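Below you will find one chain, with nothing else, as structure tokens; this is the form deposited in one PDB entry, and questions on how it binds or moves follow later.
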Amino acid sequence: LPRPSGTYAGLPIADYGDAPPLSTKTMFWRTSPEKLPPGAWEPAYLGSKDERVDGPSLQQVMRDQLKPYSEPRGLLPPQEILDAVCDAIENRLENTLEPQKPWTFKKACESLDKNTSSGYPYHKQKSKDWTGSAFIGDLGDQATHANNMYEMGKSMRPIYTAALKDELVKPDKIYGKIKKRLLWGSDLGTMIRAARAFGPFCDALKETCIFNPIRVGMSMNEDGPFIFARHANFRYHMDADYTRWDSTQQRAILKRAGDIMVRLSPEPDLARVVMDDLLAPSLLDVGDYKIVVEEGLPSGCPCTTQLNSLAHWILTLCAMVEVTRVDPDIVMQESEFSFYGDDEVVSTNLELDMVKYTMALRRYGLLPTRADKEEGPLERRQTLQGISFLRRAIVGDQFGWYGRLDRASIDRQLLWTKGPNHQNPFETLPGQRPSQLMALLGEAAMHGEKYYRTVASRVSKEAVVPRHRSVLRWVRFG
């Protein structure tokens, strides 16, 4: 009956938790029983029952991920720079975004991924209470109540459920120092409220994803060429390649980003209530306890990605303004940015003082990294070729610019397929992957005949195998 107290990974305990145990299974299966090449990526660590190594508990792995959230924040950019940057960003969006209709409860509900958990308190696959058009049963009650609170402009405390990400990782993350990525799973109620509040702004942004630097919702194949052509119109190109972006975020910056989102939403008074709840100290369910996380990015909700990209835009433009002493408006005139959460490409005509720029980013608490992992300033280059975005290398030829998945990544996707959760990643799946096989064919085609022929060979062995010229033409030009 009395609330528990204490510390968990440096963070205060606020209540007992209701989260179900961390998964010990992976969705990844080998496509073949052959042994893996040396240094091959494998699914992330599965805990005490992982037959591959003896490691810590998944709870300890999770505690390791939370430690940076209790670290001190970096500094805010200088107030007059911050205000001018935020004003300039808001003004650009005002000038580009089409005003939207408010989102209905029905649109909010439909927009939700039904294949994921509803989080607190029911922790059930959303599809379990979905009829095709509405939530019913327990989730209907949660969704309706949250909708009523939204319409009343009434606050609700979001409750997040911590998980660890099942994904392919480099082998040193399994056989050396074990790491697995922290995920925040939002409660269905919060998802409904954020979807209603911020769905319109996110739609507006997605429709301008070539004109505006927030690239969320872009299609690599269809929008990439125009996006990268715009970047190519500028002299210098870079990628700061951040470590632990989400956990280094400052809530004071996120609130400035949130202010812009609220102000450009069709229901700003209702949106303000939702944003304030999103950014208030975050209750995170870690199994036995719910803890309070005051800082960093609470990444439960889909609109998270846009908020995070907007923070990124704020921080990048602050550093550039600080260093060049040029107005944010002028910097924008002389630059093309691409942001997707922590992922960026910055192109500019400005001769940036890279030492000072790197210093400024680190000042803000960020952890940019050089390609070579050395301790100096970030590098700038005069060619866009060699820079990545959304895990695709940017490539230019006589036909234009495009994003190409590298050979290691294509090779990796041939080694693994997704299926039901299981304990041993090295099991092959007894026995269909037509659309994914076609995509890999496309991607391989972009690496020329020699590499394509090998990929098509391994792809025939699994399974209609078109000629190189034909698939190349298809994947590049619609």
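Residue numbers run from 1 along the displayed sequence.
Beyond what is shown, the protein has a form deposited with a small molecule bound; the following relates to that form.
Taking the partner as it appears in the entry with it bound, which of 266-274, 124-132, 162-170, 82-90 has residues with heavy atoms within 4.5 Å of the small molecule? Selected range: 162-170.
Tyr452, heavy atom within 4.5 angstroms of the small molecule in the entry with it bound: Residue-level check for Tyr452: no, no contact with the small molecule.
Quick check on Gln413: any heavy atom within 4.5 Å of the small molecule in the entry with it bound? Because a heavy atom of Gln413 falls inside 4.5 Å of the small molecule in the entry with it bound, the answer is yes.
Do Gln436 and the small molecule come within 4.5 Å of each other in the entry with it bound, heavy atoms counted? It does: once the small molecule is placed as it appears in the entry with it bound, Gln436 has a heavy atom within 4.5 Å of it.
Contact between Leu390 and the small molecule in the entry with it bound at 4.5 Å, heavy atoms? So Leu390 counts as contacting the small molecule.
Of these, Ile260, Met218, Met332, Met149, which has a heavy atom no more than 4.5 Å from the small molecule in the entry with it bound? After the contact test, the surviving option is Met218.
Tell me, which of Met238, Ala204, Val323, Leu405 has a heavy atom within 4.5 angstroms of the small molecule in the entry with it bound? Selected residue: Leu405.
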